[PDB]
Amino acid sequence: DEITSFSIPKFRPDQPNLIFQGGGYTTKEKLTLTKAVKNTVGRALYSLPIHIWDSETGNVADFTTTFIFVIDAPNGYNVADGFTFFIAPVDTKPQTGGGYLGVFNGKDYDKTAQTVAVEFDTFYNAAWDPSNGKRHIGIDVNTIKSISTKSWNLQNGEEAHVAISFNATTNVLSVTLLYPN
């Protein structure tokens, strides 16, 4: 049975198993993608290419990731544009940014964007964001307009552990964010 896993409890400046792109860097502990500063883009990828399905047998992989992540906006009322976990072709590099979260370009279904993301979305884009305008978790596939959506209240500066996993049999994604309170 082909399997692959890792786990990183702490980060550090020199980290040969990650590929920083845009403003991405590791401090002495945090892996920080953007400082409180405008019009940027942070991207980290796990160095190692991952096999998720195979075309000899056709099967898809069960998988789970887990990360604790803190968003900290020096304004309470003023925060954007988002954070995102995403799976992507092997050789992907950044895309159109700010509210596109450096990961998508168009707003209509783009097939050639071979890439799926899970977003935590701290800013309303009336162009495509849920009309109600609430901050949201969402499952994106090939456009920044999410296939699904979920209102969520950001707690600023709050450690928020999250699990995301995918059933190969039922073929369902799902996400869970949690706060201590």
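All residue numbers are counted from 1 along the displayed sequence.
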property	result
Of 20-28 and 161-169, the one with larger mean CA B-factor	20-28
Of 126-134 and 146-154, the stretch whose C-alpha atoms average the higher B-factor in the entry	126-134
Residue with highest C-alpha B-factor in the PDB entry, from 55, 115, 64, 47	55
Chain-wide C-alpha B factor ranking for residue 105, given as lowest, middle or highest third	highest
Chain third (lowest, middle, highest) by recorded CA B-factor, residue given as residue 86	lowest
Assigned third (lowest, middle, highest) for the C-alpha B factor of residue 33	middle
